[PDB]
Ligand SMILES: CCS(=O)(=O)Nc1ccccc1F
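Okay, so here's just one chain, in structure tokens, the form deposited without this ligand.
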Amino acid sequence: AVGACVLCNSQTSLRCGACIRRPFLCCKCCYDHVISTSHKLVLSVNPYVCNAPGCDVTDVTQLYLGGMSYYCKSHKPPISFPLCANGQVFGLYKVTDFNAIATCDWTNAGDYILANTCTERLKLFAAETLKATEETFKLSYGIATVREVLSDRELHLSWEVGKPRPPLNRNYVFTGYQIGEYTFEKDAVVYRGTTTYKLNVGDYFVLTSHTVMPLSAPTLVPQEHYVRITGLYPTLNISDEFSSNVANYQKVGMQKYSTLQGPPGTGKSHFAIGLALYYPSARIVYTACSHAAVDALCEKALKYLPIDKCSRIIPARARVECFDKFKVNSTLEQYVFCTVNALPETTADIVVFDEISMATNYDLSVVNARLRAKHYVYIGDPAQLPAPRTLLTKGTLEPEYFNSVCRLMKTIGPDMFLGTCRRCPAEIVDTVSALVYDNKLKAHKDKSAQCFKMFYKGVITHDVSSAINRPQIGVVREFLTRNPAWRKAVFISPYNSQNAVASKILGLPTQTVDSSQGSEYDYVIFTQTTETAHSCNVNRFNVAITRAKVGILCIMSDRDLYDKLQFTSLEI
């Protein structure tokens, strides 16, 4: 019941009983909370409640100290002090932003903006509060019960009346009943069991609601600039492959933490692995939020770093298949490749945290909590996609509010910028350089003359809220008959449902823009599907078109984004 003040750091016995996290508030700060909000329950060693039998007064503002006990106006003795007086709430050892964080429902962009412009203590309060609110909202959704099992990949579902149904995409992971984790896709519905189980009729599925542990470590440890490379030992012999990164590698060693903005195909992976060859004795932990991002780092390491000095950390509650070619779960290997949520408590010379636009302030804290490191390197691109904010429905989250790293990259700039895209035909590089990179991204490849745009609004149907554009898929089908080179194309759209329809009609493999991020394909077909904030989002548009190595077809709904594609237009 005794701790330090979320705002002041001041010792107190006061916690807010109304805040979902129950934060330590100092006497000056507890007042400014309770006097400005619906938050009136204060706690010290016991509740600030009226001690008179039967009395229901809990509001600290209506309470007095009578000796050692607390009483309302109705029950206080003649010799009593009000608990709230002279800007303070009585307790042992005797803010606008804290109040908005404590009380908001996290449905508004402005809530995320504040969780990222605030002081560092308040970022942790925000990130733990938000995460708590995110988890207790899962409980709101209906249970799914198996009506009839059709096949090994399809069934019919019965949905609890009175509660809403959760979106049926890969984003929403269910637990079966403990028959392992399942996903569903769109009365026939497509099921995918982590454990391949003979799905029983009357079995039920629920969204995993995991307890939110407290945060302790900052999002970013305090910045430290050094005059000399600190705690690392450079090679004199560095392979010519990594020659271009040597100055950035020296920056990494002359600061506590460094940021790298690397637009698509600028060599982020190459930078991350090349850091281990430049500091060849350094113990390096490679981390990202997703298994995919960690596995991409493993693929690069396999090529360039000694396999026997590499461990892939795999949580015993194994969900998706991942990287098999390293020793699994050897924490003390020089090179450790591990998702944020599986990190062990350990030390490192260098922590490399990849795909930083996908990280939350919660993840940033967890990393600083589990890893004691001489140097922290934050790699990604704030012009790419953030973690979905499931509670956010009003306003758009700008990249400067994605997390602490992205705020730094969008305000004071990144420490390091990889400026040459080696993946994408120049048509794409030039479009996205003007769009999100203030013309600082350069094309290494020539124009491919395999980059086409068609402005075709089509007709928008919806499976629930998920968009479908059959006519845009019809145009693609027409195009594929005349463009056989594209038979190998990956079909990409901002909507799972459009992808499910494109899958049946075209037979192309299929990706949402959000699942496409980090991957590349020779040929890409993009159907915008709809003009929504989702489909017109420049970060998502950026990721969509930078997947392509050789060609892209964009069937567009949005005049602005259509006109900005530096592509050959088609017609039909």
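For clarity, a rigid core is taken as the largest C-alpha set superposing within 1.5 Å between two forms. Start at 1 with the first residue shown and count on from there.
> Check whether residue 276 goes without coordinates in at least a third of the other compared PDB entries of this protein that model residues on both sides of it.
No: coordinates for residue 276 present in every compared entry.
> For the other entries of this protein included in the comparison (both sides of the residue modelled), is residue 453 absent in a third of them or more?
That residue is present in all of the other compared entries.
> Are residue 94 and residue 95 truly consecutive in the deposited sequence, or are residues between them missing coordinates? Give the number as none, 1 to 3, 4 to 9, or 10 or more.
Going from residue 94 to residue 95, the model skips 4 to 9 residues of the deposited sequence.
> Missing residues between residue 177 and residue 178 in the deposited sequence, please: none, 1 to 3, 4 to 9, or 10 or more.
According to the record, 4 to 9 deposited residues lack coordinates from residue 177 to residue 178.
> Hey, which bit's got the bigger mean C-alpha B factor in the entry, 490 to 498 or 121 to 129?
The stretch with the larger average C-alpha B-factor is 121 to 129.
> Using only the Cα atoms and their B-factors as the entry lists them, report which of 235 to 243 and 255 to 263 averages higher.
Averaged over C-alpha atoms, the B-factors run higher in 235 to 243.
> Could you check 455, 452, 401, 204 and tell me which one carries the biggest Cα B-factor in the deposited entry?
Most elevated C-alpha B-factor of the set, per the entry: 204.
> For the listed residues 358, 146, 424, 364, which one has the largest C-alpha B-factor as given in the deposited model?
Comparing C-alpha B-factors across 358, 146, 424, 364, the top value belongs to 146.
> What third of the chain does residue 67 rank in for C-alpha temperature factor, lowest, middle or highest?
Top third by C-alpha B-factor.
> Can you tell me whether residue 14 has a C-alpha B-factor in the lowest, middle or highest third compared with the other modelled residues of the same chain?
Its C-alpha B-factor, which the entry lists for residue 14, ranks in the highest third among residues of this chain.
> When the modelled residues of the chain are sorted by Cα temperature factor, does residue 527 land in the lowest, middle or highest third?
It falls in the bottom third of the chain.
> Grab the CA temperature factor for residue 48 from the record and place it in the lowest, middle or highest third of its chain.
It falls in the middle third of the chain.
> Split into thirds by Cα B-factor across the chain's modelled residues, where does residue 534 land: lowest, middle or highest?
According to the entry, residue 534 has a C-alpha B-factor in the chain's lowest third.
Another form exists, deposited with this ligand bound; not displayed. Remarks below refer to it.
> Tell me which of 193 to 201, 150 to 158, 308 to 316, 102 to 110 has residues with heavy atoms within 4.5 angstroms of this ligand in the entry with it bound?
Selected range: 308 to 316.
> In the entry with it bound, do 41, 51 and 182 all reach within 4.5 Å of this ligand through at least one heavy atom apiece?
No, none of 41, 51 and 182 comes within 4.5 Å of this ligand in the entry with it bound.
> Can you pick the one in 331, 250, 117, 461 that has a heavy atom within 4.5 Å of this ligand in the entry with it bound?
In short, 331.
> If the cut-off is 4.5 angstroms on heavy atoms, which of these, 289, 173, 343, 146, is the one near this ligand in the entry with it bound?
Contact with this ligand in the entry with it bound is made by 343 alone.
> Though only this chain appears here, would residue 85 touch this ligand in the entry with it bound if you measure heavy atom gaps against 4.5 Å?
The answer is yes: residue 85 has a heavy atom within 4.5 Å of this ligand.
> Within 4.5 Å, heavy atoms only: does residue 90 come near this ligand in the entry with it bound?
Yes, residue 90 lies within 4.5 Å of this ligand in the entry with it bound.
> Does this ligand come within 4.5 Å of any heavy atom of residue 226 in the entry with it bound?
Residue 226 lies outside the contact set for this ligand.
> Tell me, yes or no, whether residue 137 is in contact with this ligand in the entry with it bound, where a contact means a heavy atom of each within 4.5 Å.
Heavy-atom contact with this ligand at 4.5 Å: absent for residue 137.
> Scan 361 to 397 and write down, in order along the chain, each residue with a heavy atom lying within 4.5 Å of this ligand in the entry with it bound.
Heavy-atom contacts within 4.5 Å come from 370 alone.
> Let me spell it out: fit the two forms on their rigid core, measure each listed C-alpha, and pick the one of 222, 78, 162, 214 that moves 2 Å or more between this form and the one not shown. Which is it?
The only residue crossing the 2 Å threshold is 78.
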